[PDB]
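In the block that follows, a single chain appears as structure tokens, in the form deposited in one PDB entry.
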């Protein structure tokens, strides 16, 4: 792939509908713990262990403890120069009648915090709940999400499980339900929301420029959004610290932290 910023800029100057696919590398730059790698653990598990239907079915209290800790740490995390360059790009181009949409795998909402309005969160959000009984989804920013989780979630190895009884975990407040809430986060092995995927497909079909930023490009189906785009001949530019298996399928590859490359690319 090419590494010509000048050539990318020539495409960027002309594009009227830009799709920006963002992955955990954008969150990593804000110091947000991903628990994916390389040895990133919460006390004795990683995200592969706890972000699963299995985990929630065996030990919903431990899963909530994990997500509680992640909700709490967000209070000390802020968007980085990558988030901000993306948000400013959307607002600036919007004035010119040009569309910028962010499709993010990230659940930390930092794109929103930076000001992005046109955002598809394909894996959910740490700050939404879903009721396991009625299915209602709701925004929830409360610290702590429930009284039993106050002071819990500590990440140090050896920390005892809170072992909160399921009736003291977050419960649905819909009249007559009272069911157990889960984080509204897509877990490994679960299907993504068809309506969101319908929106994703509409943007991919109409864009004339596509950026893939901070993404390892092995998690499906998100690792197959950009190939469909390049097939129509639209340029795909990758911003990542390392080549991925999907690198040689892109028009541009700009190595380095996306907070360093994006402000120049989107200026």
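The term rigid core refers to the most C-alpha atoms you can superpose between the two forms while keeping them within 1.5 Å. Numbering follows the first chain given and starts at 1.
The discussion below concerns the form deposited in another entry, not included here.
S.K.: Using a rigid core superposition, assess whether residue 225 undergoes a CA shift of 2 Å or more between the shown form and the other one.
M.R.: Superposed on the core, residue 225 moves its C-alpha less than 2 Å between the shown form and the other one.
S.K.: Rigid core superposed, CA of residue 60 - does it shift 2 Å or more between the shown form and the other one?
M.R.: Comparing forms between the shown form and the other one, the residue 60 CA shifts below 2 Å.
S.K.: If you line up the core, does residue 35 shift 2 angstroms or more at its C-alpha between the shown form and the other one?
M.R.: Indeed, residue 35 is displaced by 2 Å or more.
S.K.: Based on a C-alpha change of 3 angstroms or more, tell me if residue 38 and residue 69 lie closer or farther in the other form than in the shown form.
M.R.: Residues converge in the other form, at least 3 Å closer.
S.K.: Your call: residue 130 and residue 36 CA atoms, closer or farther in the other form versus the shown structure, by 3 Å or more?
M.R.: It is farther: in the other form, the C-alpha atoms of residue 130 and residue 36 lie at least 3 Å more apart than they do here.
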